[PDB]
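Here is my_file-v3.pdb, consisting of PDB, C-alpha atoms:
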ATOM      1  CA  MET A   1      44.200  22.963   7.245
ATOM      2  CA  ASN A   2      43.048  23.228  10.919
ATOM      3  CA  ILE A   3      40.285  25.035  12.822
ATOM      4  CA  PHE A   4      42.228  28.355  13.104
ATOM      5  CA  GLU A   5      42.729  28.488   9.318
ATOM      6  CA  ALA A   6      39.167  27.350   8.549
ATOM      7  CA  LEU A   7      37.599  29.977  10.825
ATOM      8  CA  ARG A   8      39.861  32.706   9.453
ATOM      9  CA  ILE A   9      38.466  31.837   6.004
ATOM     10  CA  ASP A  10      34.848  31.707   7.207
ATOM     11  CA  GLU A  11      34.960  34.889   9.379
ATOM     12  CA  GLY A  12      37.766  37.054   7.827
ATOM     13  CA  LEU A  13      39.839  39.691   9.645
ATOM     14  CA  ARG A  14      38.845  43.371  10.256
ATOM     15  CA  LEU A  15      40.764  45.720  12.590
ATOM     16  CA  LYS A  16      37.937  48.257  13.044
ATOM     17  CA  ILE A  17      34.488  47.685  14.480
ATOM     18  CA  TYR A  18      32.047  46.437  11.799
ATOM     19  CA  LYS A  19      28.575  44.885  11.721
ATOM     20  CA  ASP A  20      28.273  41.093  11.240
ATOM     21  CA  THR A  21      25.794  39.200   8.974
ATOM     22  CA  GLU A  22      23.017  39.841  11.554
ATOM     23  CA  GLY A  23      23.909  43.563  12.033
ATOM     24  CA  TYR A  24      25.768  43.118  15.433
ATOM     25  CA  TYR A  25      28.936  44.984  16.353
ATOM     26  CA  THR A  26      31.986  42.780  15.767
ATOM     27  CA  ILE A  27      35.730  43.109  15.512
ATOM     28  CA  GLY A  28      38.789  41.051  14.628
ATOM     29  CA  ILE A  29      38.069  37.474  13.519
ATOM     30  CA  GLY A  30      34.368  37.118  14.206
ATOM     31  CA  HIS A  31      34.562  38.408  17.848
ATOM     32  CA  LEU A  32      31.035  39.606  18.725
ATOM     33  CA  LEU A  33      31.226  42.709  21.000
ATOM     34  CA  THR A  34      27.566  43.370  21.737
ATOM     35  CA  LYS A  35      24.049  42.787  20.406
ATOM     36  CA  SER A  36      23.105  46.372  21.320
ATOM     37  CA  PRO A  37      22.550  49.020  18.636
ATOM     38  CA  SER A  38      24.899  51.471  20.339
ATOM     39  CA  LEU A  39      28.336  51.938  18.835
ATOM     40  CA  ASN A  40      29.313  53.565  22.132
ATOM     41  CA  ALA A  41      28.333  50.395  24.027
ATOM     42  CA  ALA A  42      30.445  48.449  21.484
ATOM     43  CA  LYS A  43      33.523  50.659  21.960
ATOM     44  CA  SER A  44      33.250  50.218  25.713
ATOM     45  CA  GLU A  45      33.112  46.417  25.411
ATOM     46  CA  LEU A  46      36.190  46.590  23.133
ATOM     47  CA  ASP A  47      38.053  48.704  25.678
ATOM     48  CA  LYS A  48      37.134  46.205  28.442
ATOM     49  CA  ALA A  49      38.167  43.183  26.264
ATOM     50  CA  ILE A  50      41.556  44.607  25.188
ATOM     51  CA  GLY A  51      42.444  46.446  28.376
ATOM     52  CA  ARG A  52      43.109  49.911  26.935
ATOM     53  CA  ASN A  53      41.356  52.967  25.464
ATOM     54  CA  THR A  54      41.141  51.879  21.796
ATOM     55  CA  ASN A  55      38.653  54.182  20.070
ATOM     56  CA  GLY A  56      37.556  51.325  17.824
ATOM     57  CA  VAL A  57      40.761  50.183  16.209
ATOM     58  CA  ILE A  58      42.911  47.236  17.351
ATOM     59  CA  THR A  59      46.167  45.781  16.089
ATOM     60  CA  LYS A  60      46.608  42.403  14.437
ATOM     61  CA  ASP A  61      48.293  40.988  17.504
ATOM     62  CA  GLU A  62      45.318  42.107  19.596
ATOM     63  CA  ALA A  63      42.870  40.482  17.154
ATOM     64  CA  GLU A  64      44.829  37.200  17.217
ATOM     65  CA  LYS A  65      44.827  37.272  21.014
ATOM     66  CA  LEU A  66      41.014  37.634  20.999
ATOM     67  CA  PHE A  67      40.779  34.783  18.420
ATOM     68  CA  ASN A  68      42.895  32.350  20.495
ATOM     69  CA  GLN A  69      40.680  33.075  23.549
ATOM     70  CA  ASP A  70      37.477  32.515  21.506
ATOM     71  CA  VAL A  71      38.599  29.206  19.943
ATOM     72  CA  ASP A  72      39.598  28.034  23.449
ATOM     73  CA  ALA A  73      36.254  29.136  24.895
ATOM     74  CA  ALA A  74      34.338  27.246  22.132
ATOM     75  CA  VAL A  75      36.169  23.957  22.783
ATOM     76  CA  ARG A  76      35.695  24.285  26.546
ATOM     77  CA  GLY A  77      32.023  25.088  26.036
ATOM     78  CA  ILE A  78      31.490  21.869  24.000
ATOM     79  CA  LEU A  79      33.285  19.738  26.583
ATOM     80  CA  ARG A  80      31.122  21.123  29.371
ATOM     81  CA  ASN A  81      27.759  20.749  27.567
ATOM     82  CA  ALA A  82      25.840  17.517  28.179
ATOM     83  CA  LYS A  83      24.265  17.414  24.661
ATOM     84  CA  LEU A  84      27.472  18.337  22.795
ATOM     85  CA  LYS A  85      30.203  16.417  24.590
ATOM     86  CA  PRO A  86      29.078  12.896  23.610
ATOM     87  CA  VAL A  87      28.745  13.963  19.951
ATOM     88  CA  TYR A  88      32.233  15.489  20.014
ATOM     89  CA  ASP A  89      33.675  12.392  21.703
ATOM     90  CA  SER A  90      32.143  10.195  18.881
ATOM     91  CA  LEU A  91      33.612  12.129  15.895
ATOM     92  CA  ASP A  92      36.956  12.042  14.103
ATOM     93  CA  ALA A  93      39.281  15.059  14.353
ATOM     94  CA  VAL A  94      38.098  16.727  11.103
ATOM     95  CA  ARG A  95      34.392  16.489  11.967
ATOM     96  CA  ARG A  96      35.204  17.770  15.483
ATOM     97  CA  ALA A  97      36.543  20.922  13.863
ATOM     98  CA  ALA A  98      33.230  21.294  11.965
ATOM     99  CA  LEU A  99      31.390  21.193  15.314
ATOM    100  CA  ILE A 100      33.723  23.806  16.862
ATOM    101  CA  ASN A 101      32.994  25.996  13.794
ATOM    102  CA  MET A 102      29.225  25.930  14.459
ATOM    103  CA  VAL A 103      29.729  26.644  18.169
ATOM    104  CA  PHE A 104      32.038  29.548  17.365
ATOM    105  CA  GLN A 105      29.395  31.044  15.077
ATOM    106  CA  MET A 106      26.141  30.394  16.898
ATOM    107  CA  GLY A 107      27.170  29.673  20.424
ATOM    108  CA  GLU A 108      26.811  26.592  22.568
ATOM    109  CA  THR A 109      23.134  27.029  23.240
ATOM    110  CA  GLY A 110      22.175  27.393  19.582
ATOM    111  CA  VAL A 111      24.152  24.359  18.392
ATOM    112  CA  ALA A 112      22.660  22.270  21.237
ATOM    113  CA  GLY A 113      19.176  22.955  19.735
ATOM    114  CA  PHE A 114      20.014  20.950  16.557
ATOM    115  CA  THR A 115      18.714  17.862  18.363
ATOM    116  CA  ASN A 116      17.886  15.679  15.341
ATOM    117  CA  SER A 117      21.072  16.467  13.385
ATOM    118  CA  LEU A 118      23.286  15.725  16.419
ATOM    119  CA  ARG A 119      21.604  12.287  16.826
ATOM    120  CA  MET A 120      22.301  11.503  13.145
ATOM    121  CA  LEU A 121      25.940  12.624  13.568
ATOM    122  CA  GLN A 122      26.375  10.400  16.599
ATOM    123  CA  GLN A 123      24.980   7.490  14.492
ATOM    124  CA  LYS A 124      27.363   8.387  11.632
ATOM    125  CA  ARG A 125      24.439   8.815   9.161
ATOM    126  CA  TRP A 126      26.376  11.449   7.242
ATOM    127  CA  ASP A 127      24.092  11.964   4.187
ATOM    128  CA  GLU A 128      20.925  12.184   6.312
ATOM    129  CA  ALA A 129      22.521  14.602   8.821
ATOM    130  CA  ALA A 130      23.635  16.811   5.884
ATOM    131  CA  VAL A 131      20.020  17.087   4.666
ATOM    132  CA  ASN A 132      18.686  17.780   8.159
ATOM    133  CA  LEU A 133      21.363  20.413   8.830
ATOM    134  CA  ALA A 134      20.282  22.395   5.728
ATOM    135  CA  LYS A 135      16.668  22.668   7.000
ATOM    136  CA  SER A 136      17.686  25.537   9.254
ATOM    137  CA  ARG A 137      17.748  29.339   9.548
ATOM    138  CA  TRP A 138      21.559  29.047   9.693
ATOM    139  CA  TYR A 139      21.703  27.469   6.231
ATOM    140  CA  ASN A 140      19.185  29.936   4.649
ATOM    141  CA  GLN A 141      20.960  33.024   6.154
ATOM    142  CA  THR A 142      24.631  31.986   5.487
ATOM    143  CA  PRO A 143      24.424  29.302   2.808
ATOM    144  CA  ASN A 144      27.942  29.476   1.402
ATOM    145  CA  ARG A 145      29.505  29.080   4.873
ATOM    146  CA  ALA A 146      26.940  26.479   6.087
ATOM    147  CA  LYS A 147      27.620  24.414   2.902
ATOM    148  CA  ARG A 148      31.365  24.280   3.668
ATOM    149  CA  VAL A 149      30.632  23.181   7.291
ATOM    150  CA  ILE A 150      27.997  20.630   6.155
ATOM    151  CA  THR A 151      30.396  19.189   3.535
ATOM    152  CA  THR A 152      32.991  18.765   6.212
ATOM    153  CA  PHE A 153      30.508  16.639   8.200
ATOM    154  CA  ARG A 154      29.380  14.677   5.092
ATOM    155  CA  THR A 155      32.866  13.689   3.872
ATOM    156  CA  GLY A 156      35.187  13.927   6.878
ATOM    157  CA  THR A 157      37.669  15.894   4.723
ATOM    158  CA  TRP A 158      38.785  19.547   4.352
ATOM    159  CA  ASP A 159      37.901  19.646   0.659
ATOM    160  CA  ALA A 160      35.346  22.432   0.948
ATOM    161  CA  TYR A 161      38.170  24.714   2.198
ATOM    162  CA  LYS A 162      40.972  23.976  -0.281
ATOM    163  CA  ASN A 163      40.841  26.223  -3.351
ATOM    164  CA  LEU A 164      40.165  29.256  -1.063
TER     165      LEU A 164
END

Output the file's structure in the form of structure tokens.
Amino acid sequence: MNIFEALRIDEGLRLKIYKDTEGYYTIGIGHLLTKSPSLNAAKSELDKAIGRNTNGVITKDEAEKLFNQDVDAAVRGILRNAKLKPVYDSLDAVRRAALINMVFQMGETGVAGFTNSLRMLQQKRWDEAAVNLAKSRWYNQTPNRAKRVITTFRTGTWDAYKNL
């Protein structure tokens, strides 16, 4: 199990524009196109991101290319953020993947607002961080996914993702 396989489980794969859990236009493996309500705006962002006139449908190879770019961007965003980088440097490799998962979903700014949970993680107070992480909009809106991520932080294993 690694971050690419975990995210593919948590986000799925769709080759035509769809709306994500918040109603935003999305394609591929969790690639957010726009927060605007205009499907025409969304198709134009897709054409810009892929480099051709798509009409709303991409290939699998195109979706994997977007996914590689987005996982790379999430890692580089953590390592440039002054609240996230010391947490990331303190964790083992499995818990680092859990942090990249959150950043992929919510963005670097949103994860950096979990001030109290990040402090617990840095202190390795796993059970107390798990409770604090669940007191969040993220957990109430996507509880099955948030539970898998929170279990990964609690245990340091990939158990929440095997059997899927």

- [ ] Please evaluate the PyMOL selection byres ((chain A and resi 16-30) around 9) against the displayed coordinates and give the resulting residues as JSON, numbers by chain.
- [x] {"A": [7, 8, 10, 11, 12, 13, 14, 15, 31, 32, 33, 34, 35, 36, 37, 38, 39, 42, 43, 46, 56, 57, 58, 59, 60, 62, 63, 64, 66, 67, 104, 105, 141, 142]}

Task: Residue nearest residue 83 of chain A - candidates A:118, A:106, A:98, A:6, atoms counted: all atoms listed in the file - done: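 Under the stated criterion, the closest residue is A:118.
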
- [ ] Could you jot down the atom CA of residue 124 of chain A to atom CA of residue 149 of chain A separation for me, Å, one decimal place?
- [x]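 Atom-to-atom, atom CA of residue 124 of chain A and atom CA of residue 149 of chain A are spaced 15.8 Å apart.
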
TODO: Go through the shown structure with the PyMOL selection byres ((chain A and resi 132-136) around 8) and write out the matching residues as JSON, numbers by chain.
DONE: {"A": [114, 116, 117, 128, 129, 130, 131, 137, 138, 139, 140, 146, 150]}

Task: Coordinates-based distance that separates atom CA of residue 152 of chain A from atom CA of residue 82 of chain A (Å, one decimal) - done: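 Rounded to one decimal, the two atoms are 23.1 Å apart.
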
Open item on the list: What does the structure give for the distance between atom CA of residue 122 of chain A and atom CA of residue 87 of chain A, in Å to one decimal?
Closed with: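 Atom-to-atom, atom CA of residue 122 of chain A to atom CA of residue 87 of chain A, that is 5.4 Å.
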
Which segment 11-127 of chain A residues have any atom within 12 Å of an atom of segment 154-162 of chain A, and for each, what is the nearest pair of atoms with distance in Å to one decimal, counting only C-alpha atoms, rows sorted by chain and number, as CSV?
residue,atom,partner,partner_atom,distance
A:91,CA,A:156,CA,9.3
A:92,CA,A:156,CA,7.7
A:93,CA,A:156,CA,8.6
A:94,CA,A:156,CA,5.8
A:95,CA,A:156,CA,5.8
A:96,CA,A:156,CA,9.4
A:97,CA,A:158,CA,9.9
A:98,CA,A:156,CA,9.2
A:99,CA,A:156,CA,11.8
A:117,CA,A:154,CA,11.9
A:120,CA,A:154,CA,11.2
A:121,CA,A:154,CA,9.4
A:124,CA,A:154,CA,9.3
A:125,CA,A:154,CA,8.7
A:126,CA,A:154,CA,4.9
A:127,CA,A:154,CA,6.0
